[PDB]
Amino acid sequence: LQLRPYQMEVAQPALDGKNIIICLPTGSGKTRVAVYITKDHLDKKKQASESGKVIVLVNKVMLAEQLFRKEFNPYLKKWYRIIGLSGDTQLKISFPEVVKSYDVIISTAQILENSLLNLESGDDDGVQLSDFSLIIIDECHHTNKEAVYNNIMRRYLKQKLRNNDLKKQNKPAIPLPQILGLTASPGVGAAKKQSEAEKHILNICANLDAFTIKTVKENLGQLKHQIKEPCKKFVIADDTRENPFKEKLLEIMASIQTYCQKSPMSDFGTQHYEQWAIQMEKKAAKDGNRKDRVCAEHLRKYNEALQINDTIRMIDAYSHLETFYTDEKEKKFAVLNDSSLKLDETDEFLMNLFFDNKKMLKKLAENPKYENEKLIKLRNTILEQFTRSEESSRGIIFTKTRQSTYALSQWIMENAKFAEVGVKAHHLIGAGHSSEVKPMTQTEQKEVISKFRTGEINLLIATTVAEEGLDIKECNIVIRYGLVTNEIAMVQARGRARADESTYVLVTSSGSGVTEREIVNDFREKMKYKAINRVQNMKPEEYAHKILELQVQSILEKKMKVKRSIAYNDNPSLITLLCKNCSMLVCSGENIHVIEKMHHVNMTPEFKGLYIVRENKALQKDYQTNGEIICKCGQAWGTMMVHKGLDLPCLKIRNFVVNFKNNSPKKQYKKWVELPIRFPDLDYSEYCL
RNA sequence: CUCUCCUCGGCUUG
RNA sequence: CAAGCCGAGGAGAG
Ligand SMILES: Nc1ncnc2c1ncn2[C@@H]1O[C@H](COP(=O)(O)OP(=O)(O)OP(=O)(O)O)[C@@H](O)[C@H]1O
Ligand SMILES: [Mg+2]
Ligand SMILES: [Zn+2]
């Protein structure tokens, strides 16, 4: 209900009706400022008998929910009507009625965007920006290129230009709401010189139509005393050992290569080799040549294994391979569980090649002689920190992959010194279904976060999920285990580490170029500060001139870009689908039907006798609903689906080859919307009757 | 510009 | 809780 001086100085120009940005360090009370400004605004508008409505825009669901239940509601509920929305609520069915019924709204941006689109073209009630008096935008550094924020603000700018034109013509001009942007750092984008940094800052200030940036400039000592920085630290590891396991893997890779007469220029264990193998597999699949597709797939797996070993334990790589080969065997035998049998020689060669050295690999992976230097350094760091504390320490470890989070959690649990010192660890990952690994659910995220808040969990092992938008208590140790993304993320993760006598550690090796990337980000930071300091002291007139120029340019460039998006012949029966591996006719483009313009199915009797059903592994670890579909050759095709009480198969296009009847330059597409032909809706007149 | 990794949102069938 | 659809951003390699 009250503010501190360094908050009030940045707040004032907004209390006067100017639209601005506010950059403040992580954890220094931006949300408080937002609430206070909201209250003052509403009161001040109520004095003069005017309409006052405030809308708050976020980009995450959890963030809306949390800010409503915890910050905005318990301070203004006593005077005003508050509501919060998202896609997880049912309140979204009538957004206008919500608009008129409540004063303060909290929401994700795409809701508003959809309503605006409805008004623009649809037949629905629709909403317009004029209906609001104040718009707050959290994490305003996302207002760029094609983000949803920027579409909204483009509408705003177009209205402003239209008002400028009306000013000399008929009056009055349409009124527009005040804008308030909050952030921690606007960043530098892709900048290589100071001038480009200035340019970027001005672009951000233009997209939001801001009067100033308004950073803290006076009470630096108080702020520094309140929020104190950690001590930055590097840790480097060097090795010239760990030979046997890696050498055996390399030998197997070479043996596989000499069986198909394919040697690339790139070396083993890099992204270049992975790219080469993917290209090779794609081409073989297109041509229909087996014995090259499969070898390429297996080579990709082995390269992944090497990459894994480079970062974590050997046994993780061993398991990566074991799982794959076990599954392949199970698929082949579930196939052969049916009724003379003809095998494939190359598949057998690969299977035997793995199973002949399995035991030797398992034996080599278990050897404390050569574990990993990075893991050793990490253990030392953790133990030092947690022993020095006397049970008063929390910590975060930022990793790159999901599998690495799981693996580090297991590695920590298998050793007893950690448990001795008071270490309780848990993993945290994202929720999207495109990452080789089954995601975590929002509910589980919430639970993990809560238990970290209370104290049941001491340290987290996370991907970039935890950089922004999560309510996390102050930590004593932040560690980056071979990860460097950008300057904004660096600022955020470093601001995690409050709780005085804290440190910020980066662990890595000597060969990679991670250290240099960190150093370059450190340079970019001071570039940014200098540019901001200049833009603050620019003369108002030229400032406005540049801002206007940039806005016009933005609108015009978007116009030109949209001109071309206007632009696919429909010939369903024309194409046929072939299996990648066992190239053979599977179906024609006339039997494929579409449910609700989303789900691609095939309901024909002769297709039911072409595939096999497996069980659901996600549910395996009861019942089985969406079981996987495989061909006889062992290639996956899709899954099972239920509609109107009927069981149906759903197909994934990335598993097939498309063959036309005109010229037959075969192709792959990776998703349905790229295939230029159309399909018909479902009809019960067919398939029976 | 391509490929991979990572994150987010809106929406359907059960 | 499972499956599917569409869009957006960031990093790296080539
Ligand atoms: N005026 C104030 N009076 C009392 N406490 C305050 C005030 N301002 C900030 N705080 C303290 O700061 C915390 C809230 O900070 P807040 O999380 O809003 O910072 P932030 O800028 O939102 O950081 P983040 O980037 O995590 O959102 C509260 O726990 C509260 O105790
Ligand atoms: Mg905040
Ligand atoms: Zn097949």
# chains A, B, ... in the order shown; residues from 1 in each chain; ligands from 1

call {"tool": "residues_around", "arguments": {"residues": "residue 507 of chain A", "least_positions_apart": "3", "cutoff": "12 Å", "atoms": "only C-alpha atoms (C1' of nucleotides)", "output": "MDAnalysis selection string"}}
result
chainID A and resid 232:238 311 373:382 397:399 478:484 504 510 512 514:515 518

call {"tool": "write_last_selection", "arguments": {"atoms": "N, CA, C and O atoms", "output": "CSV table (one decimal), in the first residue's frame"}}
result
chain,number,residue,atom,x,y,z
A,232,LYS,N,30.7,-13.7,-8.9
A,232,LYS,CA,30.7,-14.5,-10.2
A,232,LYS,C,32.0,-15.3,-10.1
A,232,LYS,O,33.0,-14.9,-9.7
A,233,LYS,N,31.8,-16.5,-10.7
A,233,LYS,CA,32.9,-17.5,-10.6
A,233,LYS,C,32.9,-18.5,-11.8
A,233,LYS,O,31.8,-18.9,-12.2
A,234,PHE,N,34.1,-18.8,-12.3
A,234,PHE,CA,34.2,-19.7,-13.4
A,234,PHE,C,34.9,-21.0,-12.9
A,234,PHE,O,35.6,-21.0,-11.9
A,235,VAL,N,34.6,-22.1,-13.5
A,235,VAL,CA,35.2,-23.4,-13.2
A,235,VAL,C,35.4,-24.2,-14.5
A,235,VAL,O,34.5,-24.4,-15.2
A,236,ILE,N,36.7,-24.6,-14.7
A,236,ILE,CA,37.1,-25.2,-15.9
A,236,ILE,C,37.6,-26.6,-15.7
A,236,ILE,O,38.3,-26.8,-14.6
A,237,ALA,N,37.3,-27.5,-16.5
A,237,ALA,CA,37.8,-28.9,-16.4
A,237,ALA,C,38.5,-29.3,-17.7
A,237,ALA,O,38.1,-28.9,-18.8
A,238,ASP,N,39.6,-30.0,-17.6
A,238,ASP,CA,40.4,-30.5,-18.7
A,238,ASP,C,40.7,-32.0,-18.5
A,238,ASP,O,41.0,-32.4,-17.4
A,311,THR,N,28.9,-35.0,-21.9
A,311,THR,CA,28.4,-34.2,-20.8
A,311,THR,C,28.1,-34.9,-19.5
A,311,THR,O,28.3,-34.2,-18.4
A,373,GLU,N,35.4,-35.1,-15.3
A,373,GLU,CA,35.9,-34.0,-14.5
A,373,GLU,C,34.9,-33.0,-14.2
A,373,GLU,O,34.9,-32.4,-13.1
A,374,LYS,N,33.9,-32.7,-15.1
A,374,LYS,CA,32.9,-31.7,-14.9
A,374,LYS,C,32.0,-32.2,-13.7
A,374,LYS,O,31.7,-31.3,-12.8
A,375,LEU,N,31.6,-33.4,-13.6
A,375,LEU,CA,30.8,-33.9,-12.5
A,375,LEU,C,31.6,-33.8,-11.2
A,375,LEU,O,31.0,-33.5,-10.2
A,376,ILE,N,32.9,-34.0,-11.2
A,376,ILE,CA,33.7,-33.9,-10.0
A,376,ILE,C,33.7,-32.5,-9.5
A,376,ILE,O,33.4,-32.2,-8.3
A,377,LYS,N,33.9,-31.6,-10.4
A,377,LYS,CA,33.9,-30.1,-10.0
A,377,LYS,C,32.5,-29.7,-9.5
A,377,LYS,O,32.4,-29.0,-8.5
A,378,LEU,N,31.5,-30.2,-10.1
A,378,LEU,CA,30.1,-29.9,-9.7
A,378,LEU,C,29.9,-30.4,-8.3
A,378,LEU,O,29.3,-29.7,-7.4
A,379,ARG,N,30.3,-31.7,-8.0
A,379,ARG,CA,30.1,-32.3,-6.7
A,379,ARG,C,30.8,-31.4,-5.6
A,379,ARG,O,30.3,-31.1,-4.6
A,380,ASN,N,32.1,-31.0,-5.9
A,380,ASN,CA,32.9,-30.2,-5.0
A,380,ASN,C,32.1,-28.9,-4.7
A,380,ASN,O,32.0,-28.5,-3.5
A,381,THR,N,31.7,-28.2,-5.7
A,381,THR,CA,31.0,-27.0,-5.5
A,381,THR,C,29.7,-27.2,-4.6
A,381,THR,O,29.6,-26.4,-3.7
A,382,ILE,N,28.9,-28.1,-5.0
A,382,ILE,CA,27.7,-28.3,-4.2
A,382,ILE,C,28.0,-28.6,-2.8
A,382,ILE,O,27.4,-28.0,-1.8
A,397,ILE,N,20.3,-25.4,-10.5
A,397,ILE,CA,21.3,-25.9,-11.5
A,397,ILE,C,20.6,-25.8,-12.9
A,397,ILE,O,19.6,-26.5,-13.1
A,398,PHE,N,21.1,-25.0,-13.8
A,398,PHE,CA,20.5,-24.8,-15.1
A,398,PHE,C,21.3,-25.7,-16.1
A,398,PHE,O,22.5,-25.7,-16.2
A,399,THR,N,20.5,-26.6,-16.8
A,399,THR,CA,21.0,-27.5,-17.7
A,399,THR,C,20.4,-27.3,-19.1
A,399,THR,O,19.5,-26.4,-19.2
A,478,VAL,N,23.6,-20.4,-7.6
A,478,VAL,CA,23.1,-20.6,-8.9
A,478,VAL,C,24.3,-21.2,-9.7
A,478,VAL,O,25.4,-20.6,-9.7
A,479,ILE,N,24.0,-22.3,-10.5
A,479,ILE,CA,25.0,-22.9,-11.3
A,479,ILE,C,24.5,-23.1,-12.7
A,479,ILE,O,23.4,-23.4,-12.9
A,480,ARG,N,25.4,-22.8,-13.6
A,480,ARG,CA,25.1,-23.0,-15.1
A,480,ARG,C,26.0,-24.1,-15.5
A,480,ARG,O,27.3,-24.0,-15.5
A,481,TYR,N,25.5,-25.3,-15.9
A,481,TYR,CA,26.2,-26.5,-16.2
A,481,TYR,C,26.3,-26.6,-17.8
A,481,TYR,O,25.6,-27.4,-18.4
A,482,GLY,N,27.1,-25.8,-18.3
A,482,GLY,CA,27.3,-25.8,-19.8
A,482,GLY,C,26.2,-25.2,-20.6
A,482,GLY,O,25.8,-25.8,-21.6
A,483,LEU,N,25.7,-24.0,-20.2
A,483,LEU,CA,24.6,-23.4,-20.8
A,483,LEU,C,24.8,-21.9,-20.9
A,483,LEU,O,25.1,-21.3,-19.9
A,484,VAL,N,24.6,-21.3,-22.1
A,484,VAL,CA,24.7,-19.9,-22.3
A,484,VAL,C,23.8,-19.5,-23.4
A,484,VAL,O,24.0,-20.0,-24.6
A,504,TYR,N,27.5,-17.2,-8.0
A,504,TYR,CA,27.0,-17.5,-9.3
A,504,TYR,C,28.1,-18.1,-10.1
A,504,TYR,O,29.1,-17.5,-10.4
A,510,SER,N,37.4,-26.9,-21.4
A,510,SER,CA,38.3,-26.0,-22.1
A,510,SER,C,38.1,-25.9,-23.6
A,510,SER,O,38.2,-24.9,-24.2
A,512,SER,N,35.4,-26.4,-25.6
A,512,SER,CA,34.2,-25.6,-26.1
A,512,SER,C,34.4,-24.1,-26.1
A,512,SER,O,35.4,-23.6,-25.5
A,514,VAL,N,32.2,-22.0,-24.7
A,514,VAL,CA,31.1,-21.5,-23.8
A,514,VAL,C,31.6,-20.3,-23.0
A,514,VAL,O,30.9,-19.2,-22.9
A,515,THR,N,32.8,-20.3,-22.5
A,515,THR,CA,33.4,-19.2,-21.7
A,515,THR,C,33.4,-17.9,-22.5
A,515,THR,O,33.1,-16.9,-22.0
A,518,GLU,N,30.0,-16.4,-22.8
A,518,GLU,CA,29.7,-15.7,-21.6
A,518,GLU,C,30.3,-14.3,-21.5
A,518,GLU,O,29.7,-13.3,-21.2

call {"tool": "residues_near_ligand", "arguments": {"ligand": "ligand 2", "cutoff": "8 Å", "atoms": "only C-alpha atoms (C1' of nucleotides) and all ligand atoms", "output": "PDB file with N, CA and C atoms, in the first residue's frame"}}
result
ATOM      1  N   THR A  26      15.746  -7.847 -10.897  1.00  0.00           N
ATOM      2  CA  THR A  26      14.874  -8.961 -10.567  1.00  0.00           C
ATOM      3  C   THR A  26      14.659  -9.036  -9.064  1.00  0.00           C
ATOM      4  N   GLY A  27      13.409  -8.883  -8.642  1.00  0.00           N
ATOM      5  CA  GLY A  27      13.052  -8.985  -7.246  1.00  0.00           C
ATOM      6  C   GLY A  27      12.985  -7.680  -6.490  1.00  0.00           C
ATOM      7  N   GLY A  29      10.467  -5.236  -6.811  1.00  0.00           N
ATOM      8  CA  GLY A  29       9.142  -4.683  -6.612  1.00  0.00           C
ATOM      9  C   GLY A  29       8.499  -3.997  -7.797  1.00  0.00           C
ATOM     10  N   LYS A  30       8.506  -4.637  -8.964  1.00  0.00           N
ATOM     11  CA  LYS A  30       7.810  -4.070 -10.113  1.00  0.00           C
ATOM     12  C   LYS A  30       6.303  -4.239  -9.973  1.00  0.00           C
ATOM     13  N   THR A  31       5.880  -5.406  -9.499  1.00  0.00           N
ATOM     14  CA  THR A  31       4.464  -5.702  -9.358  1.00  0.00           C
ATOM     15  C   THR A  31       3.793  -4.758  -8.367  1.00  0.00           C
ATOM     16  N   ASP A 138       3.482  -6.918 -18.815  1.00  0.00           N
ATOM     17  CA  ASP A 138       4.612  -7.518 -18.131  1.00  0.00           C
ATOM     18  C   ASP A 138       5.526  -8.197 -19.137  1.00  0.00           C
ATOM     19  N   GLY A 469       9.048 -15.880 -14.986  1.00  0.00           N
ATOM     20  CA  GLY A 469       7.645 -16.212 -14.874  1.00  0.00           C
ATOM     21  C   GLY A 469       7.298 -17.200 -13.790  1.00  0.00           C
TER      22      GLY A 469
END

call {"tool": "residues_near_ligand", "arguments": {"ligand": "ligand 3", "cutoff": "9 Å", "atoms": "only C-alpha atoms (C1' of nucleotides) and all ligand atoms", "output": "number ranges by chain"}}
result
A: 578-586, 610-611, 630-637, 656

call {"tool": "residues_near_ligand", "arguments": {"ligand": "ligand 1", "cutoff": "12 Å", "atoms": "only C-alpha atoms (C1' of nucleotides) and all ligand atoms", "output": "PyMOL selection string"}}
result
chain A and resi 1-8+22-36+58+63-64+66-67+70-72+138-140+182-185+223+226-227+466-474+488-489+491-498

call {"tool": "interface_residues", "arguments": {"of": "chain A", "to": "chain B", "cutoff": "8 Å", "atoms": "only C-alpha atoms (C1' of nucleotides)", "output": "ChimeraX atom specification"}}
result
/A:59-60,87,110,271,275,400-401,430,463-465,596,598,641-643

call {"tool": "select_by_dssp", "arguments": {"residues": "segment 420-653 of chain A", "states": "strand (DSSP E)", "output": "MDAnalysis selection string"}}
result
chainID A and resid 425:428 459:462 477:481 503:509 576:579 585:588 592:595 599:602 612:613 628:630 636:643 646:651

call {"tool": "closest_residue", "arguments": {"among": "A:324, A:149, A:411, A:349", "to": "chain C", "atoms": "only C-alpha atoms (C1' of nucleotides)"}}
result
A:149

call {"tool": "interface_residues", "arguments": {"of": "chain C", "to": "chain A", "cutoff": "7 Å", "atoms": "only C-alpha atoms (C1' of nucleotides)", "output": "PyMOL selection string"}}
result
chain C and resi 2-5+8+11+13-14

call {"tool": "write_last_selection", "arguments": {"atoms": "C-alpha atoms (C1' of nucleotides)", "output": "PDB file, in the first residue's frame"}}
result
ATOM      1  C1'   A C   2      -4.081 -39.407 -22.785  1.00  0.00           C
ATOM      2  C1'   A C   3      -3.889 -38.318 -28.016  1.00  0.00           C
ATOM      3  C1'   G C   4      -3.987 -34.744 -32.063  1.00  0.00           C
ATOM      4  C1'   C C   5      -3.850 -29.413 -34.520  1.00  0.00           C
ATOM      5  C1'   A C   8       5.267 -17.672 -31.966  1.00  0.00           C
ATOM      6  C1'   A C  11      20.442 -20.603 -28.952  1.00  0.00           C
ATOM      7  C1'   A C  13      25.983 -25.655 -36.197  1.00  0.00           C
ATOM      8  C1'   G C  14      26.315 -25.667 -41.364  1.00  0.00           C
TER       9        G C  14
END

call {"tool": "select_by_dssp", "arguments": {"residues": "segment 269-489 of chain A", "states": "helix (DSSP H, G or I)", "output": "PyMOL selection string"}}
result
chain A and resi 271-287+293-311+314-336+345-355+358-365+373-389+402-414+416-421+442-454+464-466+487-489

call {"tool": "write_last_selection", "arguments": {"atoms": "C-alpha atoms", "output": "compact mmCIF listing (two decimals), in the first residue's frame"}}
result
# COMPACT_ATOMS: atom_id res chain seq x y z
CA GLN A 271 26.39 -31.62 -35.05
CA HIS A 272 27.79 -31.69 -38.58
CA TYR A 273 27.83 -35.49 -38.58
CA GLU A 274 24.26 -35.55 -37.27
CA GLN A 275 23.18 -33.23 -40.08
CA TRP A 276 24.93 -35.40 -42.66
CA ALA A 277 23.26 -38.55 -41.37
CA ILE A 278 19.82 -36.94 -41.38
CA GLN A 279 20.28 -35.83 -44.99
CA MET A 280 21.48 -39.30 -45.97
CA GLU A 281 18.50 -40.98 -44.32
CA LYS A 282 16.03 -38.59 -45.93
CA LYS A 283 17.49 -39.21 -49.38
CA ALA A 284 17.58 -42.99 -49.02
CA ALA A 285 13.97 -42.98 -47.85
CA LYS A 286 13.01 -40.90 -50.87
CA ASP A 287 14.80 -43.25 -53.27
CA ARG A 293 18.11 -45.56 -44.24
CA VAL A 294 18.52 -47.97 -41.34
CA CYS A 295 22.29 -47.63 -41.05
CA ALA A 296 21.89 -43.85 -41.04
CA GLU A 297 19.33 -44.03 -38.23
CA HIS A 298 21.61 -46.23 -36.13
CA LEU A 299 24.58 -43.95 -36.78
CA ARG A 300 22.54 -41.00 -35.54
CA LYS A 301 21.78 -42.94 -32.37
CA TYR A 302 25.45 -43.70 -31.77
CA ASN A 303 26.44 -40.07 -32.31
CA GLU A 304 23.79 -39.04 -29.79
CA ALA A 305 25.37 -41.52 -27.38
CA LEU A 306 28.80 -39.93 -27.81
CA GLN A 307 27.35 -36.46 -27.26
CA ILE A 308 25.70 -37.71 -24.07
CA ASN A 309 28.93 -39.22 -22.76
CA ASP A 310 30.67 -35.90 -23.34
CA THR A 311 28.37 -34.17 -20.82
CA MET A 314 28.72 -43.31 -19.51
CA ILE A 315 25.93 -45.51 -18.20
CA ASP A 316 23.45 -42.91 -19.43
CA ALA A 317 24.75 -43.42 -22.96
CA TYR A 318 24.66 -47.18 -22.51
CA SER A 319 21.02 -46.96 -21.44
CA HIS A 320 20.23 -44.69 -24.38
CA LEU A 321 21.41 -47.48 -26.67
CA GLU A 322 19.92 -50.38 -24.70
CA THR A 323 16.41 -48.90 -24.75
CA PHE A 324 16.49 -48.44 -28.52
CA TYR A 325 17.70 -51.94 -29.31
CA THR A 326 15.35 -53.60 -26.83
CA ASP A 327 12.41 -51.78 -28.39
CA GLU A 328 13.46 -52.80 -31.90
CA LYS A 329 13.65 -56.45 -30.88
CA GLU A 330 10.25 -56.28 -29.18
CA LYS A 331 8.73 -54.69 -32.28
CA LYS A 332 10.12 -57.36 -34.58
CA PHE A 333 8.88 -60.16 -32.33
CA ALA A 334 5.43 -58.63 -31.84
CA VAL A 335 5.33 -58.63 -35.63
CA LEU A 336 6.47 -62.25 -35.94
CA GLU A 345 19.99 -59.19 -43.46
CA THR A 346 21.01 -55.62 -42.59
CA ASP A 347 18.69 -55.43 -39.59
CA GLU A 348 20.14 -58.71 -38.33
CA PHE A 349 23.68 -57.46 -38.91
CA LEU A 350 23.03 -54.34 -36.84
CA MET A 351 21.23 -56.18 -34.04
CA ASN A 352 24.02 -58.74 -33.75
CA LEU A 353 26.64 -56.00 -33.96
CA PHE A 354 25.18 -54.42 -30.84
CA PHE A 355 24.46 -57.61 -28.92
CA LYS A 358 26.85 -55.27 -25.03
CA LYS A 359 28.58 -56.88 -22.06
CA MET A 360 31.94 -55.28 -22.80
CA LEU A 361 30.33 -51.84 -22.95
CA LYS A 362 28.47 -52.45 -19.70
CA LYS A 363 31.78 -53.51 -18.15
CA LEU A 364 33.66 -50.45 -19.41
CA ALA A 365 31.01 -47.98 -18.24
CA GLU A 373 35.92 -33.99 -14.48
CA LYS A 374 32.89 -31.74 -14.85
CA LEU A 375 30.83 -33.93 -12.53
CA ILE A 376 33.66 -33.93 -9.98
CA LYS A 377 33.91 -30.15 -10.01
CA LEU A 378 30.14 -29.93 -9.67
CA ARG A 379 30.11 -32.26 -6.67
CA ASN A 380 32.85 -30.24 -4.99
CA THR A 381 30.96 -26.99 -5.54
CA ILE A 382 27.67 -28.35 -4.21
CA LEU A 383 29.23 -29.95 -1.15
CA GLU A 384 31.24 -26.86 -0.25
CA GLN A 385 28.20 -24.61 -0.46
CA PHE A 386 25.86 -26.90 1.45
CA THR A 387 28.39 -27.68 4.18
CA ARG A 388 29.32 -24.05 4.79
CA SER A 389 25.68 -23.16 5.42
CA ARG A 402 15.64 -32.91 -20.22
CA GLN A 403 17.44 -36.24 -20.08
CA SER A 404 20.27 -34.46 -18.30
CA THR A 405 17.92 -33.30 -15.55
CA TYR A 406 16.70 -36.83 -14.94
CA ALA A 407 20.26 -38.18 -15.00
CA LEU A 408 21.70 -35.62 -12.59
CA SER A 409 18.83 -36.24 -10.18
CA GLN A 410 19.57 -39.97 -10.19
CA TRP A 411 23.32 -39.38 -9.85
CA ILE A 412 22.69 -37.21 -6.80
CA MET A 413 20.34 -39.72 -5.21
CA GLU A 414 22.73 -42.65 -5.70
CA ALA A 416 25.09 -40.69 0.15
CA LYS A 417 27.28 -37.67 0.92
CA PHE A 418 24.62 -35.37 -0.52
CA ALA A 419 21.95 -36.89 1.71
CA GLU A 420 24.42 -36.60 4.59
CA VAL A 421 24.85 -32.86 4.10
CA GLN A 442 1.37 -27.85 -15.32
CA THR A 443 0.00 -29.48 -12.18
CA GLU A 444 3.30 -31.23 -11.49
CA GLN A 445 5.18 -27.98 -12.10
CA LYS A 446 3.00 -26.18 -9.57
CA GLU A 447 3.55 -28.95 -7.03
CA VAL A 448 7.33 -28.96 -7.42
CA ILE A 449 7.42 -25.17 -7.11
CA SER A 450 5.31 -25.22 -3.96
CA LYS A 451 7.46 -27.88 -2.31
CA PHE A 452 10.58 -25.90 -3.18
CA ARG A 453 8.92 -22.92 -1.50
CA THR A 454 8.19 -24.78 1.73
CA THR A 464 15.11 -22.59 -19.18
CA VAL A 465 11.66 -23.14 -17.64
CA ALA A 466 12.90 -21.31 -14.55
CA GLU A 487 22.07 -11.44 -22.02
CA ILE A 488 18.50 -11.15 -20.72
CA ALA A 489 18.46 -14.74 -19.47

call {"tool": "atom_distance", "arguments": {"atom1": "atom CA of residue 92 of chain A", "atom2": "atom CA of residue 135 of chain A"}}
result
19.1 Å

call {"tool": "atom_distance", "arguments": {"atom1": "atom CA of residue 461 of chain A", "atom2": "atom CA of residue 426 of chain A"}}
result
6.2 Å
